[PDB]
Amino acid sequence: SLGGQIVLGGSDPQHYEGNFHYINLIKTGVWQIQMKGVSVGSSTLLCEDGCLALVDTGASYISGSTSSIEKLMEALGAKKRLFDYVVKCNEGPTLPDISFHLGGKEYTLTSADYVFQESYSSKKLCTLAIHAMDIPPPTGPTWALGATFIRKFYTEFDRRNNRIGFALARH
């Protein structure tokens, strides 16, 4: 069991599939790209007029603004706690797909990608791998696509071209 891997100088094909799709950075300076919408199910709940997405390898979770995630969480039936959002464990597996519109594509996570399925009991609450964090100027307000996103989407950070590239991770 390999926990993960960084490649300096290239990428490892052994750990992704298909081909990289790329997105220009908005500005050199920050590993941030334009986002064109966040879906919950097949409907666009959020980020409808464009918004920003930081691609943050040193973050555990996917984060939005407090105002965005309140809305996202509304839509998931999820409950607010001091530090996290939870659902009742038995509904984790039925929770809808969440999609991130990035460049030409939808980047879709299922519930397996964002629910910590620690139980299946209705008596027990499961955490979500998505949090509210308000990031201040310059970088923020922005979403941040942390390890929750990077686990699903193998990622290349390209300095020569100031782009970021995504491939489906081979596990």
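Sequential numbering from 1, following the sequence displayed.
- Per-stretch averaging of Cα B factors for 107-115 and 43-51 places 43-51 on top.
- Here the stretch with the larger average CA B-factor, out of 53-61 and 124-132, is 124-132.
- Among the modelled residues of its chain, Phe157 has a C-alpha B-factor that falls in the lowest third according to the deposited record.
- Split the chain's modelled residues into thirds by C-alpha temperature factor. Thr139 is in the highest one.
- Remark: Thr148 belongs to the lowest third of its chain, ranked by C-alpha B-factor as recorded.
- Annotation for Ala167: C-alpha temperature factor in the lowest third relative to the rest of the modelled chain, per the entry.
- Annotation for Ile26: CA B-factor lies in the highest third of the chain's modelled residues.
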